[PDB]
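Source file final.csv; content: CSV, N, CA and C atoms and all ligand atoms.
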```csv
chain,number,residue,atom,x,y,z
A,1,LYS,N,115.0,87.9,199.2
A,1,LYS,CA,115.7,89.2,199.0
A,1,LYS,C,115.0,89.9,197.8
A,2,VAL,N,114.8,91.2,198.1
A,2,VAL,CA,114.3,92.1,197.0
A,2,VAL,C,115.5,92.8,196.5
A,3,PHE,N,115.9,92.6,195.3
A,3,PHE,CA,117.0,93.2,194.7
A,3,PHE,C,116.7,94.6,194.2
A,4,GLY,N,117.7,95.5,194.2
A,4,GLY,CA,117.6,96.7,193.5
A,4,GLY,C,117.8,96.5,192.0
A,5,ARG,N,117.3,97.4,191.2
A,5,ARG,CA,117.4,97.3,189.8
A,5,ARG,C,118.8,97.0,189.3
A,6,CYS,N,119.7,98.0,189.5
A,6,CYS,CA,121.1,97.8,189.0
A,6,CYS,C,121.8,96.7,189.8
A,7,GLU,N,121.4,96.5,191.1
A,7,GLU,CA,122.0,95.4,191.8
A,7,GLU,C,121.7,94.0,191.1
A,8,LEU,N,120.5,93.9,190.7
A,8,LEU,CA,120.1,92.6,190.0
A,8,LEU,C,120.8,92.6,188.6
A,9,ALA,N,120.8,93.8,187.9
A,9,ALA,CA,121.5,93.8,186.6
A,9,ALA,C,123.0,93.4,186.8
A,10,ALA,N,123.7,93.9,187.8
A,10,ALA,CA,125.1,93.5,188.0
A,10,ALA,C,125.2,92.0,188.3
A,11,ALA,N,124.3,91.5,189.1
A,11,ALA,CA,124.4,90.0,189.4
A,11,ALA,C,124.1,89.2,188.1
A,12,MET,N,123.1,89.7,187.4
A,12,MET,CA,122.8,88.9,186.1
A,12,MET,C,123.9,89.1,185.1
A,13,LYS,N,124.6,90.2,185.1
A,13,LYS,CA,125.7,90.4,184.2
A,13,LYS,C,126.9,89.6,184.6
A,14,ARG,N,127.2,89.6,185.9
A,14,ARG,CA,128.3,88.8,186.4
A,14,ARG,C,128.0,87.3,186.0
A,15,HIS,N,126.8,86.9,186.1
A,15,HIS,CA,126.4,85.5,185.8
A,15,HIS,C,126.2,85.3,184.3
A,16,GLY,N,126.5,86.3,183.4
A,16,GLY,CA,126.6,86.1,182.0
A,16,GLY,C,125.4,86.3,181.2
A,17,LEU,N,124.3,87.0,181.7
A,17,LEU,CA,123.1,87.1,181.0
A,17,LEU,C,123.1,88.2,180.0
A,18,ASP,N,124.0,89.1,180.0
A,18,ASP,CA,124.0,90.2,179.0
A,18,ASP,C,124.3,89.6,177.6
A,19,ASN,N,123.3,89.6,176.8
A,19,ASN,CA,123.4,89.0,175.4
A,19,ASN,C,123.5,87.5,175.4
A,20,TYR,N,123.1,86.9,176.5
A,20,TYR,CA,123.0,85.4,176.4
A,20,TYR,C,121.9,85.0,175.4
A,21,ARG,N,122.3,84.1,174.5
A,21,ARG,CA,121.5,83.7,173.4
A,21,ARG,C,120.9,84.9,172.7
A,22,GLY,N,121.6,86.0,172.7
A,22,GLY,CA,121.2,87.2,172.0
A,22,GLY,C,120.3,88.2,172.7
A,23,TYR,N,120.0,87.9,174.0
A,23,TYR,CA,119.1,88.7,174.8
A,23,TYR,C,119.9,89.6,175.6
A,24,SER,N,119.8,90.9,175.3
A,24,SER,CA,120.5,92.0,176.1
A,24,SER,C,120.0,91.9,177.5
A,25,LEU,N,120.9,92.5,178.4
A,25,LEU,CA,120.7,92.4,179.8
A,25,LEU,C,119.3,93.0,180.2
A,26,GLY,N,118.9,94.1,179.5
A,26,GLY,CA,117.7,94.8,179.8
A,26,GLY,C,116.5,93.8,179.7
A,27,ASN,N,116.5,92.9,178.7
A,27,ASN,CA,115.5,91.9,178.6
A,27,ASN,C,115.3,91.1,179.9
A,28,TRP,N,116.4,90.7,180.4
A,28,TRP,CA,116.4,89.8,181.6
A,28,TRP,C,115.9,90.6,182.8
A,29,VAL,N,116.4,91.8,183.0
A,29,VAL,CA,115.9,92.7,184.1
A,29,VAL,C,114.4,92.9,184.0
A,30,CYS,N,114.0,93.3,182.8
A,30,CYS,CA,112.6,93.5,182.5
A,30,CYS,C,111.7,92.3,182.9
A,31,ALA,N,112.2,91.1,182.4
A,31,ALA,CA,111.5,89.9,182.7
A,31,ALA,C,111.4,89.7,184.3
A,32,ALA,N,112.5,89.9,185.0
A,32,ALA,CA,112.4,89.7,186.4
A,32,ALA,C,111.5,90.7,187.1
A,33,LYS,N,111.5,91.9,186.6
A,33,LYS,CA,110.7,93.0,187.1
A,33,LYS,C,109.2,92.5,187.1
A,34,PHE,N,108.7,92.1,185.9
A,34,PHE,CA,107.3,91.7,185.8
A,34,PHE,C,107.0,90.3,186.3
A,35,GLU,N,108.0,89.4,186.3
A,35,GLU,CA,107.7,88.1,186.9
A,35,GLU,C,107.6,88.1,188.4
A,36,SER,N,108.5,88.9,189.1
A,36,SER,CA,108.7,88.8,190.5
A,36,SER,C,108.8,90.1,191.2
A,37,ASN,N,108.8,91.2,190.5
A,37,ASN,CA,109.2,92.5,191.1
A,37,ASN,C,110.5,92.5,191.9
A,38,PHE,N,111.4,91.7,191.3
A,38,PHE,CA,112.8,91.6,191.8
A,38,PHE,C,112.9,90.8,193.1
A,39,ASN,N,111.9,90.1,193.5
A,39,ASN,CA,111.9,89.4,194.8
A,39,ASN,C,112.2,87.9,194.6
A,40,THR,N,113.3,87.5,195.2
A,40,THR,CA,113.7,86.1,195.0
A,40,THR,C,112.7,85.1,195.7
A,41,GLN,N,111.9,85.6,196.6
A,41,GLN,CA,111.0,84.7,197.3
A,41,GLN,C,109.6,84.7,196.7
A,42,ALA,N,109.4,85.3,195.5
A,42,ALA,CA,108.2,85.3,194.8
A,42,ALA,C,107.8,83.8,194.5
A,43,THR,N,106.5,83.5,194.7
A,43,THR,CA,105.9,82.3,194.2
A,43,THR,C,104.5,82.5,193.7
A,44,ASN,N,104.1,81.6,192.8
A,44,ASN,CA,102.7,81.7,192.3
A,44,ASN,C,102.3,80.2,192.0
A,45,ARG,N,101.1,79.9,192.6
A,45,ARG,CA,100.5,78.6,192.4
A,45,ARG,C,99.6,78.7,191.1
A,46,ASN,N,99.9,77.8,190.2
A,46,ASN,CA,99.1,77.8,188.9
A,46,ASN,C,98.0,76.8,189.0
A,47,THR,N,97.1,77.0,188.0
A,47,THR,CA,95.8,76.2,188.0
A,47,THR,C,96.1,74.7,187.9
A,48,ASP,N,97.2,74.3,187.2
A,48,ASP,CA,97.5,72.9,187.1
A,48,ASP,C,98.1,72.2,188.3
A,49,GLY,N,98.4,73.0,189.3
A,49,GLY,CA,99.0,72.4,190.5
A,49,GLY,C,100.5,72.7,190.6
A,50,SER,N,101.1,73.1,189.5
A,50,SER,CA,102.5,73.5,189.5
A,50,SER,C,102.6,74.8,190.2
A,51,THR,N,103.9,75.2,190.5
A,51,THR,CA,104.2,76.4,191.2
A,51,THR,C,105.4,77.1,190.5
A,52,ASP,N,105.3,78.4,190.4
A,52,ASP,CA,106.4,79.2,189.8
A,52,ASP,C,107.3,79.8,191.0
A,53,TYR,N,108.6,79.8,190.8
A,53,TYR,CA,109.5,80.1,191.9
A,53,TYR,C,110.5,81.1,191.5
A,54,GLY,N,110.7,82.1,192.3
A,54,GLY,CA,111.9,82.9,192.2
A,54,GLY,C,111.8,84.2,191.3
A,55,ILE,N,112.9,84.8,191.1
A,55,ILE,CA,113.0,86.1,190.4
A,55,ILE,C,112.5,86.0,189.0
A,56,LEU,N,112.6,84.8,188.4
A,56,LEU,CA,112.2,84.5,187.0
A,56,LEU,C,111.0,83.6,187.0
A,57,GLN,N,110.4,83.2,188.1
A,57,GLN,CA,109.1,82.5,188.2
A,57,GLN,C,109.2,81.2,187.4
A,58,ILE,N,110.2,80.4,187.7
A,58,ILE,CA,110.5,79.1,187.0
A,58,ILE,C,109.6,78.1,187.5
A,59,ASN,N,109.0,77.2,186.6
A,59,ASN,CA,107.9,76.4,186.9
A,59,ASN,C,108.3,75.0,187.3
A,60,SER,N,107.6,74.4,188.2
A,60,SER,CA,107.9,73.1,188.7
A,60,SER,C,107.5,71.9,187.8
A,61,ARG,N,106.7,72.2,186.8
A,61,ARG,CA,106.2,71.1,185.9
A,61,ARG,C,107.4,70.5,185.1
A,62,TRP,N,108.4,71.4,184.9
A,62,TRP,CA,109.5,70.9,184.0
A,62,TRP,C,110.9,71.1,184.7
A,63,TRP,N,111.1,72.1,185.5
A,63,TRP,CA,112.4,72.6,185.8
A,63,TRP,C,113.0,72.3,187.1
A,64,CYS,N,112.1,72.2,188.2
A,64,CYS,CA,112.6,71.9,189.5
A,64,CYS,C,111.7,71.0,190.2
A,65,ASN,N,112.2,70.4,191.3
A,65,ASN,CA,111.4,69.5,192.1
A,65,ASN,C,110.9,70.1,193.4
A,66,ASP,N,109.6,70.1,193.5
A,66,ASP,CA,109.0,70.6,194.8
A,66,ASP,C,108.2,69.5,195.5
A,67,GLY,N,108.2,68.3,195.0
A,67,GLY,CA,107.5,67.2,195.6
A,67,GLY,C,106.0,67.2,195.5
A,68,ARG,N,105.4,68.2,194.9
A,68,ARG,CA,104.0,68.3,194.8
A,68,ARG,C,103.5,68.7,193.4
A,69,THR,N,104.2,68.3,192.4
A,69,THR,CA,103.7,68.5,191.0
A,69,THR,C,103.8,67.1,190.3
A,70,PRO,N,102.7,66.3,190.5
A,70,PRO,CA,102.8,65.0,189.9
A,70,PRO,C,103.0,64.9,188.4
A,71,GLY,N,103.9,63.9,188.0
A,71,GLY,CA,104.2,63.8,186.6
A,71,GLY,C,105.2,64.8,186.1
A,72,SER,N,105.7,65.6,186.9
A,72,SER,CA,106.6,66.7,186.5
A,72,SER,C,108.1,66.1,186.3
A,73,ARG,N,108.9,66.9,185.7
A,73,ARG,CA,110.3,66.7,185.6
A,73,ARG,C,111.1,67.7,186.4
A,74,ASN,N,112.4,67.4,186.6
A,74,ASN,CA,113.3,68.3,187.3
A,74,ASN,C,114.5,68.5,186.4
A,75,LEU,N,114.3,69.2,185.3
A,75,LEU,CA,115.4,69.3,184.3
A,75,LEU,C,116.6,70.1,184.8
A,76,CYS,N,116.4,71.1,185.6
A,76,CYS,CA,117.5,71.8,186.2
A,76,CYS,C,118.1,71.1,187.4
A,77,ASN,N,117.6,69.9,187.8
A,77,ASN,CA,118.1,69.1,188.8
A,77,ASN,C,118.4,69.9,190.1
A,78,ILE,N,117.3,70.6,190.6
A,78,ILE,CA,117.4,71.3,191.8
A,78,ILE,C,116.1,71.3,192.5
A,79,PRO,N,116.1,71.4,193.9
A,79,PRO,CA,114.8,71.6,194.6
A,79,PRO,C,114.4,73.0,194.2
A,80,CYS,N,113.0,73.2,194.1
A,80,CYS,CA,112.5,74.5,193.7
A,80,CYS,C,112.9,75.5,194.7
A,81,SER,N,113.1,75.1,196.0
A,81,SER,CA,113.5,76.1,197.0
A,81,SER,C,114.8,76.8,196.6
A,82,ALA,N,115.7,76.1,195.9
A,82,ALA,CA,116.9,76.8,195.5
A,82,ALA,C,116.7,78.0,194.6
A,83,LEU,N,115.5,78.1,194.0
A,83,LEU,CA,115.2,79.3,193.2
A,83,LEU,C,114.7,80.4,194.1
A,84,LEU,N,114.6,80.3,195.4
A,84,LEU,CA,114.1,81.4,196.3
A,84,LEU,C,115.3,82.0,197.0
A,85,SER,N,116.5,81.5,196.8
A,85,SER,CA,117.6,82.0,197.6
A,85,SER,C,118.0,83.4,197.3
A,86,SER,N,118.7,84.1,198.2
A,86,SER,CA,119.2,85.4,197.9
A,86,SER,C,120.2,85.3,196.8
A,87,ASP,N,120.9,84.2,196.7
A,87,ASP,CA,121.9,84.1,195.6
A,87,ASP,C,121.2,83.6,194.4
A,88,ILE,N,121.3,84.4,193.3
A,88,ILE,CA,120.5,84.1,192.1
A,88,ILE,C,121.1,83.0,191.2
A,89,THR,N,122.3,82.4,191.6
A,89,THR,CA,123.0,81.5,190.7
A,89,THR,C,122.1,80.4,190.1
A,90,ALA,N,121.3,79.8,191.0
A,90,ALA,CA,120.5,78.7,190.6
A,90,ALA,C,119.4,79.1,189.6
A,91,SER,N,118.8,80.3,189.9
A,91,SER,CA,117.8,80.8,189.0
A,91,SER,C,118.4,81.1,187.6
A,92,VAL,N,119.6,81.7,187.6
A,92,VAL,CA,120.2,82.1,186.3
A,92,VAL,C,120.6,80.9,185.5
A,93,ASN,N,121.2,79.9,186.1
A,93,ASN,CA,121.6,78.7,185.3
A,93,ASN,C,120.4,77.9,184.9
A,94,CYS,N,119.4,77.8,185.6
A,94,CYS,CA,118.2,77.2,185.2
A,94,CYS,C,117.5,77.9,184.0
A,95,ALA,N,117.5,79.3,184.1
A,95,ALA,CA,117.0,80.1,183.1
A,95,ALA,C,117.7,79.9,181.8
A,96,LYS,N,119.0,79.7,181.8
A,96,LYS,CA,119.8,79.4,180.6
A,96,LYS,C,119.3,78.2,179.9
A,97,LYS,N,119.0,77.1,180.7
A,97,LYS,CA,118.4,75.9,180.1
A,97,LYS,C,117.1,76.2,179.4
A,98,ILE,N,116.2,77.0,180.1
A,98,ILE,CA,114.9,77.3,179.6
A,98,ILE,C,115.0,78.1,178.3
A,99,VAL,N,115.8,79.2,178.3
A,99,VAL,CA,115.9,80.0,177.1
A,99,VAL,C,116.5,79.2,175.9
A,100,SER,N,117.2,78.1,176.1
A,100,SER,CA,117.7,77.3,175.1
A,100,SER,C,116.6,76.3,174.5
A,101,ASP,N,115.4,76.3,175.1
A,101,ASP,CA,114.3,75.4,174.7
A,101,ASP,C,114.2,75.5,173.1
A,102,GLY,N,114.2,76.7,172.6
A,102,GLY,CA,113.9,76.9,171.2
A,102,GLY,C,113.0,78.0,171.0
A,103,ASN,N,112.1,78.3,172.0
A,103,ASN,CA,111.3,79.5,171.9
A,103,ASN,C,111.9,80.7,172.6
A,104,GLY,N,113.1,80.6,173.1
A,104,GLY,CA,113.8,81.8,173.6
A,104,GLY,C,113.1,82.3,174.8
A,105,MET,N,113.1,83.7,175.0
A,105,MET,CA,112.5,84.3,176.2
A,105,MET,C,110.9,84.2,176.1
A,106,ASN,N,110.3,83.8,175.0
A,106,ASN,CA,108.9,83.6,175.0
A,106,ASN,C,108.4,82.6,176.1
A,107,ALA,N,109.3,81.8,176.7
A,107,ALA,CA,108.9,80.9,177.7
A,107,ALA,C,108.4,81.7,178.9
A,108,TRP,N,108.7,83.0,179.1
A,108,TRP,CA,108.3,83.8,180.2
A,108,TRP,C,107.1,84.7,179.6
A,109,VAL,N,105.9,84.4,180.1
A,109,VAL,CA,104.7,85.1,179.7
A,109,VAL,C,104.8,86.6,179.9
A,110,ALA,N,105.4,87.0,181.0
A,110,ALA,CA,105.5,88.4,181.3
A,110,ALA,C,106.5,89.1,180.4
A,111,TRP,N,107.6,88.4,180.0
A,111,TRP,CA,108.5,88.9,179.0
A,111,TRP,C,107.8,89.1,177.6
A,112,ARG,N,107.1,88.1,177.2
A,112,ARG,CA,106.4,88.2,175.9
A,112,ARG,C,105.4,89.4,175.9
A,113,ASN,N,104.6,89.5,177.0
A,113,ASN,CA,103.5,90.4,177.0
A,113,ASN,C,103.9,91.8,177.5
A,114,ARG,N,105.0,92.0,178.1
A,114,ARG,CA,105.3,93.3,178.7
A,114,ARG,C,106.7,93.8,178.5
A,115,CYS,N,107.6,93.0,177.9
A,115,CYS,CA,109.0,93.4,177.6
A,115,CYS,C,109.3,93.3,176.1
A,116,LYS,N,108.9,92.2,175.4
A,116,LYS,CA,109.2,92.0,174.0
A,116,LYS,C,108.8,93.2,173.2
A,117,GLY,N,109.7,93.8,172.4
A,117,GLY,CA,109.5,94.9,171.5
A,117,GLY,C,109.5,96.3,172.2
A,118,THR,N,109.7,96.3,173.5
A,118,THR,CA,109.7,97.6,174.2
A,118,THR,C,111.2,98.0,174.3
A,119,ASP,N,111.4,99.2,174.9
A,119,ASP,CA,112.7,99.8,175.1
A,119,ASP,C,113.3,99.1,176.4
A,120,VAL,N,113.7,97.9,176.2
A,120,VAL,CA,114.2,97.1,177.4
A,120,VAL,C,115.5,97.7,177.9
A,121,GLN,N,116.2,98.5,177.1
A,121,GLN,CA,117.5,99.1,177.6
A,121,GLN,C,117.3,100.0,178.7
A,122,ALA,N,116.1,100.6,178.9
A,122,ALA,CA,115.8,101.5,180.0
A,122,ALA,C,116.0,100.8,181.3
A,123,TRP,N,115.8,99.5,181.4
A,123,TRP,CA,115.9,98.7,182.6
A,123,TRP,C,117.3,98.7,183.2
A,124,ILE,N,118.3,99.0,182.4
A,124,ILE,CA,119.7,99.1,182.9
A,124,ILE,C,120.2,100.5,182.8
A,125,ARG,N,119.3,101.5,182.7
A,125,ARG,CA,119.6,102.9,182.6
A,125,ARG,C,120.4,103.3,183.9
A,126,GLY,N,121.6,103.9,183.7
A,126,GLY,CA,122.4,104.4,184.8
A,126,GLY,C,123.3,103.3,185.5
A,127,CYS,N,123.1,102.1,185.2
A,127,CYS,CA,123.9,101.0,185.9
A,127,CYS,C,125.3,101.0,185.3
A,128,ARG,N,126.2,100.6,186.2
A,128,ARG,CA,127.7,100.5,185.8
A,128,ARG,C,128.0,99.1,185.2
B,1,LIG,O1,135.9,78.6,182.1
B,1,LIG,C1,134.9,79.1,182.7
B,1,LIG,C2,135.1,80.3,183.5
B,1,LIG,BR1,136.8,81.0,183.7
B,1,LIG,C3,134.0,80.8,184.2
B,1,LIG,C4,132.7,80.3,184.0
B,1,LIG,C5,131.6,80.8,184.7
B,1,LIG,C6,131.6,82.2,185.2
B,1,LIG,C7,132.4,83.2,184.6
B,1,LIG,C8,132.4,84.5,185.1
B,1,LIG,BR2,133.5,85.8,184.4
B,1,LIG,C9,131.6,84.8,186.2
B,1,LIG,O2,131.6,86.1,186.7
B,1,LIG,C10,130.8,83.9,186.8
B,1,LIG,BR3,129.7,84.3,188.2
B,1,LIG,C11,130.8,82.6,186.3
B,1,LIG,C12,130.5,79.9,185.1
B,1,LIG,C13,130.7,79.0,186.1
B,1,LIG,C14,129.8,78.1,186.5
B,1,LIG,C15,128.5,78.1,186.0
B,1,LIG,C16,128.2,79.1,185.0
B,1,LIG,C17,129.2,80.0,184.6
B,1,LIG,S1,128.7,81.2,183.3
B,1,LIG,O3,128.3,82.3,184.1
B,1,LIG,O4,129.8,81.3,182.5
B,1,LIG,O5,127.5,80.5,182.7
B,1,LIG,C18,132.5,79.2,183.2
B,1,LIG,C19,133.6,78.6,182.6
B,1,LIG,BR4,133.4,77.1,181.5
B,2,NA,NA,109.1,69.1,189.0
```
Could I get this file's structure written as structure tokens?
Ligand SMILES: O=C1C(Br)=CC(=C(c2cc(Br)c(O)c(Br)c2)c2ccccc2S(=O)(=O)O)C=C1Br
Ligand code: NA
Amino acid sequence: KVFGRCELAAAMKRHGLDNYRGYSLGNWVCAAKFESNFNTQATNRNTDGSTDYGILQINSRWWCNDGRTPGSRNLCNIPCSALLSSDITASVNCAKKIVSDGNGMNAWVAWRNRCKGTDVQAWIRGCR
């Protein structure tokens, strides 16, 4: 599913991401924009053999099981395919674990390089 901007904001807000660990909703929408262009079926194969999955491009080395990332963990205790669903619940709850790592949203390269420090509030402009 390719979400609309405010459609994703509403789903992320309903799922509690607005100011989660201090990160305003716009930060999460911005991260999803640049990680996946709002597409739940986004994937990217990395150099190390891991794969990033879903609207927030969550990685199989630590967070989900795809059966093809040797030596990896499954800390969110989900198949990586669950991160591709139209329903973003699994991606959101796994992201909450990630952002609690200690490095916050810096875990998302696209957030650090394209959202951090910018006017992230624009990403929820006009939404209810
Ligand atoms: O006592 C509660 C009550 Br009541 C609600 C909630 C949640 C919730 C709340 C709202 Br409101 C909502 O719109 C959605 Br969707 C889920 C929730 C449930 C499962 C997983 C994550 C959440 S989380 O989103 O809170 O992380 C958790 C506890 Br504990
Ligand atoms: Na894994």
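Among the candidate residues A:76, A:92, A:98, A:64, the one lying nearest to residue 17 (chain A) is A:92, with distances computed using only C-alpha atoms.
Using all atoms listed in the file as the basis for the distance check, residues found within 6 Å of ligand NA 2 (chain B) are residues 60, 61, 62, 63, 64, 65, 66, 69, 72, 73 and 74 of chain A.
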For CA of residue 1 (chain A) and CA of residue 34 (chain A), the interatomic separation in Å (one decimal):
15.8 Å
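Each of A:7, A:111, A:75, A:45 was compared to residue 97 (chain A) using only N, CA and C atoms, and A:75 turns out to be the nearest.
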Which chains and residue numbers are within 12 Å of ligand LIG 1 (chain B), counting only C-alpha atoms and all ligand atoms, if I want them as a PyMOL selection string?
chain A and resi 10-21+87-97
Output file for the selection above: N, CA and C atoms, as a PDB file, in the coordinates of the input:
```
ATOM      1  N   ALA A  10     123.700  93.900 187.800  1.00  0.00           N
ATOM      2  CA  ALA A  10     125.100  93.500 188.000  1.00  0.00           C
ATOM      3  C   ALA A  10     125.200  92.000 188.300  1.00  0.00           C
ATOM      4  N   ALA A  11     124.300  91.500 189.100  1.00  0.00           N
ATOM      5  CA  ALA A  11     124.400  90.000 189.400  1.00  0.00           C
ATOM      6  C   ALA A  11     124.100  89.200 188.100  1.00  0.00           C
ATOM      7  N   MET A  12     123.100  89.700 187.400  1.00  0.00           N
ATOM      8  CA  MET A  12     122.800  88.900 186.100  1.00  0.00           C
ATOM      9  C   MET A  12     123.900  89.100 185.100  1.00  0.00           C
ATOM     10  N   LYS A  13     124.600  90.200 185.100  1.00  0.00           N
ATOM     11  CA  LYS A  13     125.700  90.400 184.200  1.00  0.00           C
ATOM     12  C   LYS A  13     126.900  89.600 184.600  1.00  0.00           C
ATOM     13  N   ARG A  14     127.200  89.600 185.900  1.00  0.00           N
ATOM     14  CA  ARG A  14     128.300  88.800 186.400  1.00  0.00           C
ATOM     15  C   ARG A  14     128.000  87.300 186.000  1.00  0.00           C
ATOM     16  N   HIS A  15     126.800  86.900 186.100  1.00  0.00           N
ATOM     17  CA  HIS A  15     126.400  85.500 185.800  1.00  0.00           C
ATOM     18  C   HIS A  15     126.200  85.300 184.300  1.00  0.00           C
ATOM     19  N   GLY A  16     126.500  86.300 183.400  1.00  0.00           N
ATOM     20  CA  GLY A  16     126.600  86.100 182.000  1.00  0.00           C
ATOM     21  C   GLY A  16     125.400  86.300 181.200  1.00  0.00           C
ATOM     22  N   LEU A  17     124.300  87.000 181.700  1.00  0.00           N
ATOM     23  CA  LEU A  17     123.100  87.100 181.000  1.00  0.00           C
ATOM     24  C   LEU A  17     123.100  88.200 180.000  1.00  0.00           C
ATOM     25  N   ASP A  18     124.000  89.100 180.000  1.00  0.00           N
ATOM     26  CA  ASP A  18     124.000  90.200 179.000  1.00  0.00           C
ATOM     27  C   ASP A  18     124.300  89.600 177.600  1.00  0.00           C
ATOM     28  N   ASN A  19     123.300  89.600 176.800  1.00  0.00           N
ATOM     29  CA  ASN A  19     123.400  89.000 175.400  1.00  0.00           C
ATOM     30  C   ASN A  19     123.500  87.500 175.400  1.00  0.00           C
ATOM     31  N   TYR A  20     123.100  86.900 176.500  1.00  0.00           N
ATOM     32  CA  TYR A  20     123.000  85.400 176.400  1.00  0.00           C
ATOM     33  C   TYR A  20     121.900  85.000 175.400  1.00  0.00           C
ATOM     34  N   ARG A  21     122.300  84.100 174.500  1.00  0.00           N
ATOM     35  CA  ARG A  21     121.500  83.700 173.400  1.00  0.00           C
ATOM     36  C   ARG A  21     120.900  84.900 172.700  1.00  0.00           C
ATOM     37  N   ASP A  87     120.900  84.200 196.700  1.00  0.00           N
ATOM     38  CA  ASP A  87     121.900  84.100 195.600  1.00  0.00           C
ATOM     39  C   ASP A  87     121.200  83.600 194.400  1.00  0.00           C
ATOM     40  N   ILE A  88     121.300  84.400 193.300  1.00  0.00           N
ATOM     41  CA  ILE A  88     120.500  84.100 192.100  1.00  0.00           C
ATOM     42  C   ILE A  88     121.100  83.000 191.200  1.00  0.00           C
ATOM     43  N   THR A  89     122.300  82.400 191.600  1.00  0.00           N
ATOM     44  CA  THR A  89     123.000  81.500 190.700  1.00  0.00           C
ATOM     45  C   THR A  89     122.100  80.400 190.100  1.00  0.00           C
ATOM     46  N   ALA A  90     121.300  79.800 191.000  1.00  0.00           N
ATOM     47  CA  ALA A  90     120.500  78.700 190.600  1.00  0.00           C
ATOM     48  C   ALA A  90     119.400  79.100 189.600  1.00  0.00           C
ATOM     49  N   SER A  91     118.800  80.300 189.900  1.00  0.00           N
ATOM     50  CA  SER A  91     117.800  80.800 189.000  1.00  0.00           C
ATOM     51  C   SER A  91     118.400  81.100 187.600  1.00  0.00           C
ATOM     52  N   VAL A  92     119.600  81.700 187.600  1.00  0.00           N
ATOM     53  CA  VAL A  92     120.200  82.100 186.300  1.00  0.00           C
ATOM     54  C   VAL A  92     120.600  80.900 185.500  1.00  0.00           C
ATOM     55  N   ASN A  93     121.200  79.900 186.100  1.00  0.00           N
ATOM     56  CA  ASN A  93     121.600  78.700 185.300  1.00  0.00           C
ATOM     57  C   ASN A  93     120.400  77.900 184.900  1.00  0.00           C
ATOM     58  N   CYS A  94     119.400  77.800 185.600  1.00  0.00           N
ATOM     59  CA  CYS A  94     118.200  77.200 185.200  1.00  0.00           C
ATOM     60  C   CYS A  94     117.500  77.900 184.000  1.00  0.00           C
ATOM     61  N   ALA A  95     117.500  79.300 184.100  1.00  0.00           N
ATOM     62  CA  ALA A  95     117.000  80.100 183.100  1.00  0.00           C
ATOM     63  C   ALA A  95     117.700  79.900 181.800  1.00  0.00           C
ATOM     64  N   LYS A  96     119.000  79.700 181.800  1.00  0.00           N
ATOM     65  CA  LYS A  96     119.800  79.400 180.600  1.00  0.00           C
ATOM     66  C   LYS A  96     119.300  78.200 179.900  1.00  0.00           C
ATOM     67  N   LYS A  97     119.000  77.100 180.700  1.00  0.00           N
ATOM     68  CA  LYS A  97     118.400  75.900 180.100  1.00  0.00           C
ATOM     69  C   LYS A  97     117.100  76.200 179.400  1.00  0.00           C
TER      70      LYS A  97
END
```
Spatial neighbours of residue 6 (chain A), max dist 6.5 Å, only N, CA and C atoms, sep filter under 2 positions, as number ranges by chain:
A: 4, 8-11, 124, 127-128
For residue 31 (chain A), the nearest of the candidates A:86, A:55, A:68, A:103, counting all atoms listed in the file
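So, comparing all the options, the nearest one is A:55.
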So the first atom is atom C of residue 42 (chain A) and the second is atom N of residue 82 (chain A); what is the distance between them in Å, to one decimal place?
11.1 Å
Got a moment to write region 85-95 of chain A out with N, CA and C atoms, as an mmCIF file, in the first residue's frame?
```cif
data_model
loop_
_atom_site.group_PDB
_atom_site.id
_atom_site.type_symbol
_atom_site.label_atom_id
_atom_site.label_comp_id
_atom_site.auth_asym_id
_atom_site.auth_seq_id
_atom_site.Cartn_x
_atom_site.Cartn_y
_atom_site.Cartn_z
ATOM 1 N N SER A 85 2.957 -5.183 5.307
ATOM 2 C CA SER A 85 1.505 -5.221 5.288
ATOM 3 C C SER A 85 0.916 -3.834 5.087
ATOM 4 N N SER A 86 -0.308 -3.802 4.553
ATOM 5 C CA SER A 86 -1.035 -2.542 4.477
ATOM 6 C C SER A 86 -1.226 -1.941 5.862
ATOM 7 N N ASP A 87 -1.400 -2.786 6.875
ATOM 8 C CA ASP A 87 -1.605 -2.335 8.246
ATOM 9 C C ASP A 87 -0.240 -2.051 8.859
ATOM 10 N N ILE A 88 -0.018 -0.804 9.286
ATOM 11 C CA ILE A 88 1.321 -0.400 9.719
ATOM 12 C C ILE A 88 1.632 -0.773 11.160
ATOM 13 N N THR A 89 0.721 -1.460 11.854
ATOM 14 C CA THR A 89 0.907 -1.719 13.279
ATOM 15 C C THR A 89 2.264 -2.356 13.567
ATOM 16 N N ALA A 90 2.625 -3.396 12.812
ATOM 17 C CA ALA A 90 3.871 -4.100 13.098
ATOM 18 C C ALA A 90 5.076 -3.189 12.897
ATOM 19 N N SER A 91 5.079 -2.402 11.819
ATOM 20 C CA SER A 91 6.183 -1.472 11.602
ATOM 21 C C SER A 91 6.282 -0.459 12.735
ATOM 22 N N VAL A 92 5.143 0.056 13.199
ATOM 23 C CA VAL A 92 5.169 1.097 14.222
ATOM 24 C C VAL A 92 5.690 0.541 15.543
ATOM 25 N N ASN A 93 5.181 -0.616 15.965
ATOM 26 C CA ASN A 93 5.611 -1.153 17.251
ATOM 27 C C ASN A 93 7.065 -1.602 17.213
ATOM 28 N N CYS A 94 7.543 -2.074 16.061
ATOM 29 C CA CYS A 94 8.962 -2.395 15.945
ATOM 30 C C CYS A 94 9.803 -1.123 15.972
ATOM 31 N N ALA A 95 9.337 -0.067 15.301
ATOM 32 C CA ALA A 95 10.054 1.204 15.323
ATOM 33 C C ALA A 95 10.185 1.748 16.743
#
```
